[PDB]
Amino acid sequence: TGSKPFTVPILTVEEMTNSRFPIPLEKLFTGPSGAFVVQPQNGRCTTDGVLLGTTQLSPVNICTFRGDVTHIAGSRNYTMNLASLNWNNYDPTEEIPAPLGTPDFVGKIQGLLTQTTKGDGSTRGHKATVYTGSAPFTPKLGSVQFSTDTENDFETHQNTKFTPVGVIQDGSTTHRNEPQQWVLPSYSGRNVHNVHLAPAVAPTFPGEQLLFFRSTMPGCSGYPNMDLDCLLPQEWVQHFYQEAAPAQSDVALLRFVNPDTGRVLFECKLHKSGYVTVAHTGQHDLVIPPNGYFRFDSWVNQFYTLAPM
């Protein structure tokens, strides 16, 4: 009606980024998810550009941490007292679950902890792991703990950054038992309930399943479950945030098109609250052409019947 036309990006899946970890998308996946709660906090955005949960705009400020560190005596463990992106003091009273970009799964995330000494520009970097299921993982309260490879190299009161790389598993344990991508951390610790969460999502329509945007997280030790599914590519979050096109119905019908044939491969529902469903029953890795893309076709209701995927 003159309303700003809704669109999705024309970037292909492999040209886009996982919204839950700073790695490329690899593929589309669908499977049943009735048995458990799907309530990721990263990669959550309405089609009209309202960021939800812990979602922020940067594809490379996901699962990062910044602040000051203090050594835990008799250990190679450091407590990081969190700062903001701009390196200011952290504010815990904001009505968010945790700082934006905080990890939204229970797992042992490995990367590098790096630091610069302001006075002379000296620098240092150490392999480090943050276990988001641990008692000291209290990002909402302004603190997390890292296990590192040093007992003395990090300085106090100097800007320190964690850059995530991948995940680990304890190899004396049954394989692929962690990370648990669908388990939220307890952002304030084990005795305090999470707050201000983006809602859980599920298909409601018979024969429908969620369509996931899937990556494989690098594994850094042990026998981890490396699958990582997001609801929206990070580029879609950035696109909707900018466009802010109002939803004209509950569902934006998308067609996934193959340029090499000119034909539609499948269609799907992009729910205005920011998730996708397809008509399929079972676990399936979608096979798509490298140049295939999503195209918005029309606003439909929640109860539209999709052609089977």
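Whichever C-alpha set is largest while still superposing within 1.5 Å between the two forms counts as the rigid core. A residue's number is simply how far along the shown sequence it sits, counting from 1.
Take 256-264 and 43-51, fit the other structures onto the shown form by the rigid core, and average the C-alpha distances in 5 other deposited structures of this protein: the farther stretch is 256-264. Displacement analysis by core superposition in 5 other deposited structures of this protein ranks 78-86 above the other of 78-86 and 209-217 in root-mean-square C-alpha distance from the shown form. According to the PDB record, 251-259 carries the higher mean C-alpha B-factor of the two stretches 47-55 and 251-259. Averaged over CA atoms, B-factors in the entry run higher in 79-87 than in the other of 157-165 and 79-87. Ranking 190, 214, 126, 108 by the C-alpha B-factor listed in the PDB entry places 190 at the top. Highest C-alpha temperature factor among 97, 206, 224, 218 per the entry: 206. Remark: residue 274 belongs to the lowest third of its chain, ranked by C-alpha B-factor as recorded.
Placement of the Cα temperature factor of residue 238 within the chain: lowest third of the modelled residues, per the deposited record. Among all modelled residues in this chain, the alpha-carbon of residue 132 has a temperature factor (C-alpha) in the lowest third.
Per the deposited record, the Cα B-factor of residue 181 falls in the lowest third when ranked against the other modelled residues of its chain. Among the modelled residues of its chain, residue 290 has a C-alpha B-factor that falls in the highest third, as given in the PDB entry.
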